[PDB]
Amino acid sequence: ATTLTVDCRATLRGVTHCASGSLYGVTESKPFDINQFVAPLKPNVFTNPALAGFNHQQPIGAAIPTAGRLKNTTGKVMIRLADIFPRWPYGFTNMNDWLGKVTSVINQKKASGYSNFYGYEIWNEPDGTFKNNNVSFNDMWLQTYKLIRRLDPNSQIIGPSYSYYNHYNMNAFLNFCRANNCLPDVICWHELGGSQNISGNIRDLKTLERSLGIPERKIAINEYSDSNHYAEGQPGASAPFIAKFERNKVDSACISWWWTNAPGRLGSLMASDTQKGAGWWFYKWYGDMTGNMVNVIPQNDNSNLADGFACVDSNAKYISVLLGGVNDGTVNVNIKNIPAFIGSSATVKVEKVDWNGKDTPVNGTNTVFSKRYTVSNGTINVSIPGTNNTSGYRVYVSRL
C-alpha cells in the first residue's frame, strides 16, 4: 500500500483553496456559465493576460473583463503584463513602449472598478524569455516596479515567474531586489516538470530569504502541471501538487494552459466548453472544504507518489481528505489525533472520480464504500482497494 497520515492536531491555516485556479482557465467568453462551472469550485487566483487581441500574446483572455465575469465568485485575477507583447519568446520592443502600455493597463484596471485583482505579474519566465532586449531583466523589473508602485501602490507585485525554480537565478534576483528596494510582494515560479521537487524548491526559497534577511514572502506557483501535458487537470496527477502547495501554505497556485485551442476550461477541469471532466469533480470536493487545513504526512514528499490534503471543520463536524497520485494499487489513509467530536465510531465515506482523458465528459463521482469505523487510539485506518494513478479519491469522516 501507498500510505498517507492525516494529523488532525497539525493545523496549517484556514481553508483558502490556494491551488484552485488556472492560466487562461477563464476568459471573456468561457466558461459561458460562470455559476454552473466556476462558482461551485470556490476558486482562488486565475492568471490572465493584461490585454488580448491581434497586437498581443493571445486573441482571448483579457484580465479586466475576466475579473468582471468572476466578481460574484471567490475568484481573483493576476494580471500577466508580459502578454501585452506577441510572439514566443515575447517580442519586447523598448522600455518607453513597454512602460506606456503598462501605464494604459494600470489605468484600465483602476477604471474598471472591479475589486478582485490579485496584482501585477511584471514578466513571465524571464529566465527563458528575456534575452537580447537592449535592457537587462533586472533594469526592466526595477523600472516597471517603480511605475506600478507610483500608479497602483496598494496592488501586489508578483515575480519573477521563472520557467523553473533555480537557486542561483533566484539568489541573483533577490540580491538585486534587496539592493534596489524592489522585492516582489509575492515570489513566483512555475512547476511544469511534475510535483517531485515542489517541497524542496519552497524549502530552498525560504532558506534563501532568511540568508538575505528578506522577510518571508507569499508564494505563487502560477503555472503547475505534470511533464505529460495530457495530465493537466487530471485528478491523480493534480493531487500531489495541491497537497504540496497546501502543506507549504502557498498563497496561490494556477493550473497550466498547455491546450491553446481550449482556453477557458479551468485548467482542463472541463472536458469541453459544455461539459465537466474528471478534474472538475475533484476540484469541486476541494472547493467544498471548510474549516482548517491540517498537515498530511506523504508517502514521500520528494516524489510524484500519492499525496493528500485535508480539512477539519469543528462547526460542520467533519474531516475531508483528498488524494491521488502514483501508488502500488492500494492507498492507506491513517487519520490520527481525531477530535473528540467524532466520538468512538465514525461514518467513513470513500468516493472516487475516474479519468479516461482530458476531453472525456464525466457526469459525476462513484462511492467506493460508506462503512462504520471504530476510533482506536484517536486513529482510523482506511484502506482504499484497487487504486490507480489517475483517479482522485476522497475520505469523508463524520460522527455515526
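Numbers follow the displayed sequence, beginning with 1.
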- Higher avg CA temperature factor (23 to 31 vs 358 to 366, as deposited) belongs to 358 to 366
- State which stretch shows the higher mean Cα B factor in the entry: 311 to 319 or 246 to 254. 311 to 319
- The residue of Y224, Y162, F92, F117 with the maximal C-alpha B-factor according to the PDB record is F92
- Query: Per the PDB entry, which option out of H190, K284, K276, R149 has the greatest Cα B factor?
  - Reply: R149
- Note on the structure: Assert third(CA B-factor, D97) within chain per record equals highest
- Message: Splitting the chain's C-alpha B-factors into thirds, which one does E121 fall into?
- Response: lowest
- Split the chain's modelled residues into thirds by Cα B-factor; is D83 in the lowest, middle or highest one? lowest
- Item | Lowest, middle or highest third - CA B-factor, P65 | middle
- Compare the C-alpha B factor of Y373 with those of the other modelled residues in its chain, then answer lowest, middle or highest third. highest
